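S.K.: Next up is a structure, given as structure tokens.
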Amino acid sequence: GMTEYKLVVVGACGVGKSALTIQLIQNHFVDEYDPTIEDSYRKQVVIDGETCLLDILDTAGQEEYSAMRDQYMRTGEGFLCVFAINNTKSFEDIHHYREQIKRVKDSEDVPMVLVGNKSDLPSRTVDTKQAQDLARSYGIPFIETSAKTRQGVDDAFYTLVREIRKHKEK
Ligand SMILES: C[C@H]1CNCCCN1c1nccc(-c2noc([C@@]3(C)CCCc4sc(N)c(C#N)c43)n2)n1
Ligand SMILES: Nc1nc2c(ncn2[C@@H]2O[C@H](COP(=O)(O)OP(=O)(O)O)[C@@H](O)[C@H]2O)c(=O)[nH]1
Ligand SMILES: [Mg+2]
Ligand SMILES: [Mg+2]
């Protein structure tokens with residue numbers, strides 16, 4: 001059938017991984033979605049004229065280092081590394097998620113996008129320049145999103161598929 005893209009959404013608890021995934025696939029904002037639910041969700045989309053299927057793993061729960069969890073994460077072809085623009089700690093944690101992804105993928109060149117979520121909020125603690133500089137330093141795109149208003153949500157996932165396509169074209 002059509003090309004499938006296994007995407008994995010990672011980042012600190014409470015940044016909006018579930019709200020972003022629900023908004024992308026179901027087209028509505030679910031506030032306070034159960035923080036413990038970790039599951040995969042499917043959506044057929046058209047990106048740059050090419051029809052494809054997105055299989056998105058919305059991660060949750062405890063930090064676990066096992067052969068099983070490493071292999072589950074290893075199935076990811078692209079990663080959305082999410083922080084909240086009003087939570088400095090979630091931004092400071094980004095390097096850790098990227099380190100674990102590079103470890104399980106056994107590569108420095110893994111399709112990835114840095115996502116700064118909750119752009120609708122007025123309490124910003126991480127400025128656009130700081131996040132743009134971090135993404136540039138990693139060689140990845142940076143997208144600001146709001147799972148609430150849908151601003152940047154499709155741009156973040158579509159950009160990640162484009163990174164996968166570009167990696168596969170190399
Ligand atoms: C930032 C740290 C600091 N420690 C204190 C608590 C907060 N943290 C925390 N919490 C919860 C989860 C994680 C965390 N770090 O990587 C990951 C993921 C899922 C990403 C993809 C690649 C792999 S491979 C593997 N085995 C993973 C696992 N479990 C992961 N998840 N990190
Ligand atoms: N205002 C605002 N709140 C958001 C946004 N995304 C998520 N939230 C809220 O942030 C909290 C954590 O969201 P959630 O999807 O559970 O994050 P997760 O732990 O990364 O899955 C909830 O109270 C959501 O309502 C957003 O873009 N804007
Ligand atoms: Mg969640
Ligand atoms: Mg909120």
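Here, A, B, ... name the chains of the structure tokens in the order displayed, residue numbers run from 1 inside each chain, and ligands are numbered from 1 in the same displayed order.
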Based on the backbone DSSP call, show me all residues of range 111-155 of chain A assigned strand (DSSP E), as a count of residues only.

M.R.: 9

S.K.: Between range 88-149 of chain A and range 43-65 of chain A, at 12 Å or less, what are the per-residue closest atom pairs and their distances in Å? Count only C-alpha atoms, order by chain and rising residue number, and return it as a Markdown table.

M.R.:
| residue | atom | partner | partner_atom | distance |
| --- | --- | --- | --- | --- |
| A:96 | CA | A:63 | CA | 11.1 |
| A:97 | CA | A:63 | CA | 10.4 |
| A:100 | CA | A:65 | CA | 9.6 |
| A:103 | CA | A:65 | CA | 11.4 |
| A:104 | CA | A:65 | CA | 10.6 |

S.K.: When you draw a straight line from atom 25 (C, counted along the ligand's line) of ligand 1 to CA of residue 69 in chain A, how long is it in Å?

M.R.: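 So the two atoms, atom 25 (C, counted along the ligand's line) of ligand 1 and CA of residue 69 in chain A, lie 5.5 Å apart.
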
S.K.: Report as a PyMOL selection string: the residues of range 3-111 of chain A with a DSSP assignment of helix (DSSP H, G or I), based on the backbone of this structure.

M.R.: chain A and resi 17-26+67-74+88-105

S.K.: Output C-alpha atoms of each residue in that selection to a file, as a JSON list (two decimals), in the first residue's frame.

M.R.:
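For reference, result.json as written:
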[["chain", "number", "residue", "atom", "x", "y", "z"],
["A", 17, "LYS", "CA", 2.56, 15.82, 23.12],
["A", 18, "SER", "CA", -0.95, 14.30, 23.47],
["A", 19, "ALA", "CA", -2.75, 17.63, 22.73],
["A", 20, "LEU", "CA", -0.59, 18.05, 19.55],
["A", 21, "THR", "CA", -1.25, 14.47, 18.30],
["A", 22, "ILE", "CA", -5.04, 14.67, 19.01],
["A", 23, "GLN", "CA", -5.23, 18.11, 17.33],
["A", 24, "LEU", "CA", -3.33, 16.79, 14.24],
["A", 25, "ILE", "CA", -5.46, 13.63, 13.73],
["A", 26, "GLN", "CA", -8.89, 14.54, 15.25],
["A", 67, "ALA", "CA", 16.23, -3.63, 25.28],
["A", 68, "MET", "CA", 12.38, -3.65, 24.76],
["A", 69, "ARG", "CA", 11.88, 0.19, 25.12],
["A", 70, "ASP", "CA", 15.02, 0.94, 23.05],
["A", 71, "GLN", "CA", 13.70, -1.36, 20.21],
["A", 72, "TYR", "CA", 10.18, 0.27, 20.36],
["A", 73, "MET", "CA", 11.79, 3.75, 20.02],
["A", 74, "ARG", "CA", 14.19, 2.44, 17.31],
["A", 88, "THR", "CA", 12.41, 26.54, 30.80],
["A", 89, "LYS", "CA", 13.03, 23.05, 32.34],
["A", 90, "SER", "CA", 11.28, 21.30, 29.36],
["A", 91, "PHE", "CA", 13.56, 23.29, 26.98],
["A", 92, "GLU", "CA", 16.68, 22.43, 29.09],
["A", 93, "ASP", "CA", 15.70, 18.70, 28.91],
["A", 94, "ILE", "CA", 15.63, 18.65, 24.99],
["A", 95, "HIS", "CA", 19.34, 17.58, 24.75],
["A", 96, "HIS", "CA", 18.60, 14.40, 26.77],
["A", 97, "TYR", "CA", 15.79, 13.20, 24.41],
["A", 98, "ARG", "CA", 18.01, 13.90, 21.35],
["A", 99, "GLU", "CA", 20.92, 11.97, 23.00],
["A", 100, "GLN", "CA", 18.71, 8.88, 23.56],
["A", 101, "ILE", "CA", 17.30, 9.02, 19.98],
["A", 102, "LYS", "CA", 20.84, 9.16, 18.48],
["A", 103, "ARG", "CA", 21.84, 6.24, 20.72],
["A", 104, "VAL", "CA", 19.01, 3.87, 19.69],
["A", 105, "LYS", "CA", 19.16, 4.92, 16.00]]

S.K.: Would you list the residues that come within 6 Å of ligand 2? Count only C-alpha atoms and all ligand atoms and give the answer as a PDB file with N, CA and C atoms, in the first residue's frame.

M.R.:
ATOM      1  N   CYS A  13       6.949  15.529  30.408  1.00  0.00           N
ATOM      2  CA  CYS A  13       5.515  15.428  30.710  1.00  0.00           C
ATOM      3  C   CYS A  13       4.923  16.835  30.838  1.00  0.00           C
ATOM      4  N   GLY A  14       3.751  17.044  30.239  1.00  0.00           N
ATOM      5  CA  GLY A  14       3.045  18.311  30.304  1.00  0.00           C
ATOM      6  C   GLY A  14       3.342  19.326  29.220  1.00  0.00           C
ATOM      7  N   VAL A  15       4.204  18.990  28.225  1.00  0.00           N
ATOM      8  CA  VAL A  15       4.525  19.973  27.173  1.00  0.00           C
ATOM      9  C   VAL A  15       3.444  20.093  26.102  1.00  0.00           C
ATOM     10  N   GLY A  16       2.608  19.063  25.991  1.00  0.00           N
ATOM     11  CA  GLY A  16       1.532  19.046  25.015  1.00  0.00           C
ATOM     12  C   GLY A  16       1.648  18.011  23.909  1.00  0.00           C
ATOM     13  N   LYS A  17       2.405  16.907  24.109  1.00  0.00           N
ATOM     14  CA  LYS A  17       2.555  15.822  23.119  1.00  0.00           C
ATOM     15  C   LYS A  17       1.210  15.201  22.720  1.00  0.00           C
ATOM     16  N   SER A  18       0.364  14.914  23.734  1.00  0.00           N
ATOM     17  CA  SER A  18      -0.948  14.301  23.472  1.00  0.00           C
ATOM     18  C   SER A  18      -1.870  15.318  22.792  1.00  0.00           C
ATOM     19  N   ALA A  19      -1.929  16.569  23.311  1.00  0.00           N
ATOM     20  CA  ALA A  19      -2.751  17.626  22.732  1.00  0.00           C
ATOM     21  C   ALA A  19      -2.359  17.877  21.269  1.00  0.00           C
ATOM     22  N   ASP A  31      -7.889  19.345  26.302  1.00  0.00           N
ATOM     23  CA  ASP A  31      -7.075  19.824  27.395  1.00  0.00           C
ATOM     24  C   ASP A  31      -7.123  18.758  28.458  1.00  0.00           C
ATOM     25  N   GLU A  32      -6.052  18.613  29.227  1.00  0.00           N
ATOM     26  CA  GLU A  32      -5.925  17.647  30.325  1.00  0.00           C
ATOM     27  C   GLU A  32      -6.124  16.144  29.939  1.00  0.00           C
ATOM     28  N   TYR A  33      -5.660  15.714  28.739  1.00  0.00           N
ATOM     29  CA  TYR A  33      -5.724  14.304  28.329  1.00  0.00           C
ATOM     30  C   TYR A  33      -4.859  13.469  29.274  1.00  0.00           C
ATOM     31  N   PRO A  35      -2.299  11.912  31.411  1.00  0.00           N
ATOM     32  CA  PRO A  35      -0.827  11.968  31.207  1.00  0.00           C
ATOM     33  C   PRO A  35      -0.083  10.641  31.086  1.00  0.00           C
ATOM     34  N   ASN A 117       5.938  24.333  21.869  1.00  0.00           N
ATOM     35  CA  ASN A 117       4.474  24.313  21.997  1.00  0.00           C
ATOM     36  C   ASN A 117       3.921  25.341  22.997  1.00  0.00           C
ATOM     37  N   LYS A 118       2.605  25.610  22.920  1.00  0.00           N
ATOM     38  CA  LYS A 118       1.859  26.539  23.794  1.00  0.00           C
ATOM     39  C   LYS A 118       2.114  28.008  23.402  1.00  0.00           C
ATOM     40  N   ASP A 120       0.186  30.145  22.104  1.00  0.00           N
ATOM     41  CA  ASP A 120      -0.992  30.959  22.425  1.00  0.00           C
ATOM     42  C   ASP A 120      -0.897  31.608  23.815  1.00  0.00           C
ATOM     43  N   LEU A 121      -0.031  31.076  24.705  1.00  0.00           N
ATOM     44  CA  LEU A 121       0.112  31.571  26.074  1.00  0.00           C
ATOM     45  C   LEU A 121       0.963  32.843  26.203  1.00  0.00           C
ATOM     46  N   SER A 146       0.799  25.700  18.629  1.00  0.00           N
ATOM     47  CA  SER A 146      -0.232  25.768  19.652  1.00  0.00           C
ATOM     48  C   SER A 146      -1.189  24.635  19.334  1.00  0.00           C
ATOM     49  N   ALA A 147      -1.297  23.653  20.234  1.00  0.00           N
ATOM     50  CA  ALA A 147      -2.249  22.550  20.044  1.00  0.00           C
ATOM     51  C   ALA A 147      -3.677  23.087  20.211  1.00  0.00           C
ATOM     52  N   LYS A 148      -3.800  24.227  20.888  1.00  0.00           N
ATOM     53  CA  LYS A 148      -5.066  24.877  21.186  1.00  0.00           C
ATOM     54  C   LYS A 148      -5.654  25.569  19.954  1.00  0.00           C
TER      55      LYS A 148
END

S.K.: When you count only C-alpha atoms, which of these residues is closest to residue 127 in chain A: A:113, A:84, A:8, A:156?

M.R.: A:84

S.K.: Of the candidates A:122, A:1, A:152, A:141, which shows the shortest atom-to-atom distance to ligand 4, using only C-alpha atoms and all ligand atoms?

M.R.: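 Once distances to ligand 4 are computed over only C-alpha atoms and all ligand atoms, the minimum belongs to A:122.
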
S.K.: Pick from A:75, A:114, A:28, A:133: nearest to ligand 1, with only C-alpha atoms and all ligand atoms counted?

M.R.: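 Under the stated criterion, the closest residue is A:75.
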
S.K.: Could you tell me how far CA of residue 165 in chain A lies from CA of residue 149 in chain A, in Å and to one decimal?

M.R.: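 These atoms are spaced 27.7 Å apart.
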
S.K.: Can you work out which one of A:164, A:123, A:41, A:2 has the shortest atom-to-atom distance to ligand 4, counting only C-alpha atoms and all ligand atoms?

M.R.: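 Looking at the shortest contact to ligand 4, the residue is A:123.
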